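Participant: Protein chains in written order, with the entry's author numbering: chain C, 1 to 27, 27A to 27E, 28 to 214; chain B, 1 to 82, 82A to 82C, 83 to 100, 100A to 100B, 101 to 213.
For each residue, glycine too, the CB sits at the ideal point set by N, CA and C.
Quick one: this structure, given as structure tokens, is what I'll be asking you about.
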Amino acid sequence: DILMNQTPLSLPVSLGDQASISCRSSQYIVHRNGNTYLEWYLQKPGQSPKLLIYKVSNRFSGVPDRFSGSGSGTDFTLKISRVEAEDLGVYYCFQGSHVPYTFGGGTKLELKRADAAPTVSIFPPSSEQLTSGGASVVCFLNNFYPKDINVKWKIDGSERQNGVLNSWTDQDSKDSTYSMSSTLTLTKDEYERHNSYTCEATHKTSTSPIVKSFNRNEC
Amino acid sequence: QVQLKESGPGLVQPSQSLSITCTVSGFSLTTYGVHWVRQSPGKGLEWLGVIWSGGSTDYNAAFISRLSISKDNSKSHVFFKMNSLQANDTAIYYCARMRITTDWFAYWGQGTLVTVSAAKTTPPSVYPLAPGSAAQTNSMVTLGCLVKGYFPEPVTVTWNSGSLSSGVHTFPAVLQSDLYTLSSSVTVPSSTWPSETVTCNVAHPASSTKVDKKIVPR
Ligand SMILES: *[C@@H]1O[C@H](CO[C@@H]2O[C@@H](C)[C@@H](O)[C@@H](O)[C@@H]2O)[C@@H](O[C@@H]2O[C@H](CO)[C@@H](O[C@@H]3O[C@H](CO[C@H]4O[C@H](CO)[C@@H](O)[C@H](O)[C@@H]4O)[C@@H](O)[C@H](O)[C@@H]3O)[C@H](O)[C@H]2NC(C)=O)[C@H](O)[C@H]1NC(C)=O
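Structure (structure tokens):
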């Protein structure tokens, strides 16, 4: 199959900025019946993908002229001359030259804002949950920017990976931040074999991780 | 206008088949081909097949053994049908006009979210998340609600009914074994909890469940 490599993976922009998205195919996109089928789609949250550009450079009806497509062969580009709010979403290239037809991995056009540290909060298991013989430790990491973040769990000083489940929020429409939950699920019996529970967030806003923890024996 | 209405199951048993009907309007199936595409968080967009206007088909090589697309020109119907679905066939499925030539006659179906699972309808357990006994008090306080082990999606979470809108984050569900889990956080002024009540309201329409859980200090 023809691999379509889209770059960048995410593109932070301020409103008014120009934006440039690249798409590279693993082989020459040849014509069929004189048409070179290279298309760009924009998907917005909860909606279907909508066509912006067909046949490399052709602007689909209703698409404004700040969008333009260009390129040939193995190298294609989508440009937005001056980004507006409604342009945010995930852009995909698509080739209809070689069966099976294929999409790029997506470029997420996002809003730029001042960096912000996550607000971290840790929560021991509730007593209701403990009664049922389960033990979930929950960590919230809220309102951070940029979106790249790493969470690490430690139990009495040892890193712990199995039983961890994360969930990330979309960019907030108002403050443009991201948020995440991390949840470490254990049996009651295992939860009680250990005292110290730590949630470590690594984020660019610091070279030191943000640490939040509690000792089971002081709760 | 061009429209592509899809109809089909939201849920399929493991190893059973998926049937979606795409009903087309605004253009003729004798003139234009219709593609099928699916989308998952892991795989991005994935082209599955096409039925051309002359009625021949082409299929993604990885699906040829279990995928057939067909149609009824006069009723403007395209039929997508895939056998032997498994967990990793969970995706949003679209019929669509692609490889386009014209300004105009090009749309996509709304999209059919298909989950492949044998889980039974199951209400959520709801647990309050209050800060630990030895937590520091800081000027804002964050509370939460853990909604665990339910099926199918969705649940809705509100706080103090509609009263608490600001400072809320409800995170997307994730599967844990055969069941879903999510949590919701809310951040209020420290002065106002626990003195003023904070209660998460959880609804799971599928099981006809409504639970309120008051967040009380440990
Ligand atoms: C998406 O997932 C499907 C289905 O995979 C399922 O989940 C995985 C984790 C396994 O538990 C599978 O058993 C499930 O079906 C994948 O299809 C399979 O891929 C794997 C290779 O990674 C295949 O594994 C082989 O299985 C052979 C058994 O073949 C026969 O025997 C049994 C009889 O009981 C029967 O189940 C099977 O249908 C055949 O009759 C075995 O010889 C070999 O050692 C190896 O374990 C497996 O054959 C496929 N399973 C199914 C059900 O199709 C997809 O590959 C995956 N896709 C992606 C993109 O990841």
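Closer than 6 Å: is that where the CB of B/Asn60 sits relative to any heavy atom of ligand 1?
Facilitator: B/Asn60: no, Cβ never under 6 Å from ligand 1.
Participant: Taking B/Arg96 as the query, report the chain C residues whose CB atoms sit under 7 Å from its CB, ordered along the chain.
Facilitator: What B/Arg96 touches in chain C: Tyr32 and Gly91.
Participant: Whose CA, out of C/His198, C/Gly16, C/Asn53 and C/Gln90, lies closest to the CA of C/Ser63?
Facilitator: Here the closest residue by C-alpha is C/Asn53.
Participant: List the residues of chain C whose Cβ lies closer than 7 Å to the Cβ of B/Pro200, in chain order.
Facilitator: Result: empty, since nearest Cβ-Cβ is about 19 Å, beyond 7 Å.
Participant: For B/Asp100, which beta-bridge partners are listed by DSSP?
Facilitator: DSSP lists no partner for B/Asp100.
Participant: Between which two residues does the beta strand (DSSP E) holding C/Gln6 run?
Facilitator: C/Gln6 -> beta strand (DSSP E) spans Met4 to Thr7.
Participant: Leaving aside the five residues before and after B/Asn133 along the sequence, list all residues of the same chain whose C-beta is less than 8 Å from its C-beta, in chain order.
Facilitator: Hits under 8 Å: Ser185.
Participant: State yes or no: is the beta carbon of C/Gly66 nearer than 7 Å to at least one beta carbon in chain B?
Facilitator: Closer than 7 Å: no.
Participant: On the DSSP bridge assignment, give the partners of B/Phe166 in chain order.
Facilitator: Note: B/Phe166 sits in no beta bridge, so no partner.
Participant: Kindly provide the chain-ordered list of residues whose Cβ lies closer than 5 Å to any non-hydrogen atom of ligand 1.
Facilitator: The answer, residue by residue, is B/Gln83 and B/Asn85.
Participant: Nearest CA to the CA of B/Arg213: which residue from B/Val197, B/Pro189, B/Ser203 and B/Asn196?
Facilitator: Of the listed residues, the one whose Cα sits closest to B/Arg213 is B/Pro189.
Participant: From which residue to which residue does the alpha helix (DSSP H) around C/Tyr186 run?
Facilitator: First-last of the alpha helix (DSSP H) with C/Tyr186: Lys183 to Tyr186.
Participant: Name the DSSP bridge partner or partners of B/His77?
Facilitator: Answer by DSSP bridge pairing, in chain order: B/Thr23 and B/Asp72.
Participant: Look at C/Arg155 and C/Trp148 and say whether their C-beta atoms are less than 7 Å apart.
Facilitator: Cβ distance < 7 Å, so C/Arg155 and C/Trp148 count as in contact.
Participant: If contact means a Cβ-Cβ distance below 9 Å, which residues of the stretch 132-159 of chain C contact chain B?
Facilitator: From the stretch 132-159 of chain C, only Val133, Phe135, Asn137 and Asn138 have a Cβ closer than 9 Å to chain B.
Participant: Can you tell me the Cα-Cα spacing of C/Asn157 and C/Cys214, whole angstroms?
Facilitator: Answer to the nearest angstrom: the Cα atoms are 24 Å apart.
Participant: Would B/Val181 pass as a contact of B/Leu141 if the rule is Cβ separation under 7 Å?
Facilitator: Contact flag unset, no.
Participant: From the DSSP output, in three-state form, read off B/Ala198 for me.
Facilitator: Three-state DSSP puts B/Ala198 in a strand.
Participant: Please report the distance separating the alpha-carbon of B/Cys22 from that of B/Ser56.
Facilitator: When rounded, the distance between both Cα atoms is 17 Å.
Participant: Let's see if you can read the secondary structure: which residues bound the alpha helix (DSSP H) around C/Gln90?
Facilitator: That residue, C/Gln90, is in no alpha helix (DSSP H); its beta strand (DSSP E) goes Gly84 to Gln90.
Participant: Contact between the stretch 61-79 of chain B and the stretch 7-14 of chain B: three or more CB pairs below 8 Å?
Facilitator: Flag = no, the stretch 61-79 of chain B and the stretch 7-14 of chain B do not touch.
Participant: Is any beta-carbon of chain C found at less than 7 Å from that of B/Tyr32?
Facilitator: Output row for B/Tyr32: interface = no.
Participant: Using CA atoms only, rank isn't needed, just tell me which of B/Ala129, B/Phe146 and B/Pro126 is closest to B/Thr110.
Facilitator: The shortest Cα separation from B/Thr110 among B/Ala129, B/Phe146 and B/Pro126 belongs to B/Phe146.
Participant: List, in chain order, every chain B residue whose beta-carbon is nearer than 7 Å to that of C/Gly101.
Facilitator: Those are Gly44, listed as they occur along chain B.
Participant: Please report the residue range of the beta strand (DSSP E) in which B/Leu177 lies.
Facilitator: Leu174 to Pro184 is the span of the beta strand (DSSP E), which, as asked, contains B/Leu177.
Participant: Suppose contacts are defined by Cβ-Cβ distances below 7 Å. Is C/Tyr86 in contact with C/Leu37 by that definition?
Facilitator: Closer than 7 Å, so yes.
Participant: Secondary structure at C/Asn210, three-state DSSP: helix, strand or coil?
Facilitator: Strand, per DSSP.
Participant: Tell me B/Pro123's beta-bridge partners as DSSP assigns them.
Facilitator: Per DSSP, B/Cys140.
Participant: Taking only beta carbons into account, state which residues of the stretch 42-66 of chain C come closer than 7 Å to chain B, listed in chain order.
Facilitator: The residues in question are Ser43, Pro44, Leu46, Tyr49, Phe55 and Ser56.
Participant: Can you check whether the CB of C/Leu15 is closer than 7 Å to the CB of C/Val78?
Facilitator: Result yes, Cβ atoms of C/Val78 and C/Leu15 sit closer than 7 Å.
Participant: I'd like the list of long-range same chain contacts for B/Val193, defined as Cβ closer than 8 Å, with 5 residues on each side in sequence excluded.
Facilitator: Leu138, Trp154, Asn155, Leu159, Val181, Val183, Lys209 and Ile210.
Participant: Step through the CB atoms of chain C and report whether any lies within less than 7 Å of the CB of B/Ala101.
Facilitator: Yes - at least one Cβ of chain C is within 7 Å of the one on B/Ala101.
Participant: Could you tell me which residues DSSP pairs with C/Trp148 in its beta bridges?
Facilitator: C/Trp148 pairs with C/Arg155 and C/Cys194.
Participant: Over the uninterrupted beta strand (DSSP E) stretch that includes C/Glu105, give me the two end residues.
Facilitator: Start and end: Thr102 to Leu106.
Participant: By a C-beta neighbour count over all protein chains shown, 10 Å radius and 16 as the cutoff for buried, is C/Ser174 buried or exposed?
Facilitator: That one is buried.
Participant: Which residues, taken in chain order from the stretch 144-178 of chain B, show a beta carbon closer than 8 Å to some beta carbon of chain C?
Facilitator: The stretch 144-178 of chain B vs chain C, Cβ under 8 Å: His164, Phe166, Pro167, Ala168, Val169, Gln171, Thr176, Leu177 and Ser178.
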